[PDB]
Every structure is written in C-alpha cells, then in structure tokens.
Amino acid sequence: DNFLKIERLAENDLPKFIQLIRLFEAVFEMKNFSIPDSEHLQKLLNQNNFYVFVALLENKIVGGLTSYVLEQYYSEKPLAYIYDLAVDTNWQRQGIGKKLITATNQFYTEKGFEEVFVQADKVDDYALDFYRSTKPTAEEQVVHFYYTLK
C-alpha cells in the first residue's frame, strides 16, 4: 500500500532508468539482451518528448512505464503515447499498474494534453483485461504493420 511511491524520472535519474530497463528485460523475458550504452540512454532521458514513470518500494523499482510525446498538427494540445508498461512478477496484481496509469494520465492532464493512448496485442488476454480495468475512454481494434529495415 502507501509505502508505494510513483516517481516521474528526471535527467539525474539514469540509474533508475537502467533499473527499469532491467525490469522490462525480465518481465518481457527478453533473450540475449545487450543494453545500449549510458551515453545513448542519458540522451534519451534528456529528450523533452520522453517521460518515464517508475513505481518504488523504498529504493526497489517494482514497476514502471515509458511514454513518448507526439506534438500534433491537428491541434496544439499534444498526445502522449504509452509505449511499455510492466510490473515485477512478484508484485503484480497489487494495484501498481493502475497507480502508474493514473499518475501518468494525471501528469499529462496537468500539461494540457488532449489524449493519452496505449496498445496491447489482441492475443494478450491479461494485458487487455488490465487496460480495460483502468477505465479508458474507448478501445479500438487495429492492425499493426511493420517494416524491418536493412
């Protein structure tokens, strides 16, 4: 419970960023992962269009999410794109994911954004059930195409 802290990472928070990436690595079961150098990660963290939120128990990162800002041409109110969200396997199903989403939308609300969106694979039943429990405004069925470049 309230021991749980949500923190938006700042530029002097590289070690917490790396901690979160390691969390992503374990929860998503990424194989043979080679983390990019700290120079590259620091520059990413320093971008004005990128926001990381972590969940903390004392100094344990037990969950987190990453998000990108997409400036619009349809409107001056930006969009936020939640890219990854994960909670440590030993801490899932305890309200952390929800608190992360809540804090994230609250932050972009204060910033006057129009909308925050997030995606899940249609086959990921548990992810779909989670996002549906966060009372989103709406959900849409879509097809994601990608081009692996040479």
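Don't overthink the numbering: it's just position in the shown sequence, from 1.
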Residue range whose averaged C-alpha B-factor is higher in the record, 100-108 or 29-37: 29-37
Mean Cα B-factor comparison, 65-73 or 86-94, giving the higher one as deposited: 86-94
Chain-wide C-alpha B factor ranking for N49, given as lowest, middle or highest third: lowest
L56 CA temperature factor, ranked by third within the chain: highest
Among modelled residues of the same chain, the CA temperature factor third for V118: middle
Cα B factor band for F3 (lowest, middle or highest third within the chain): highest
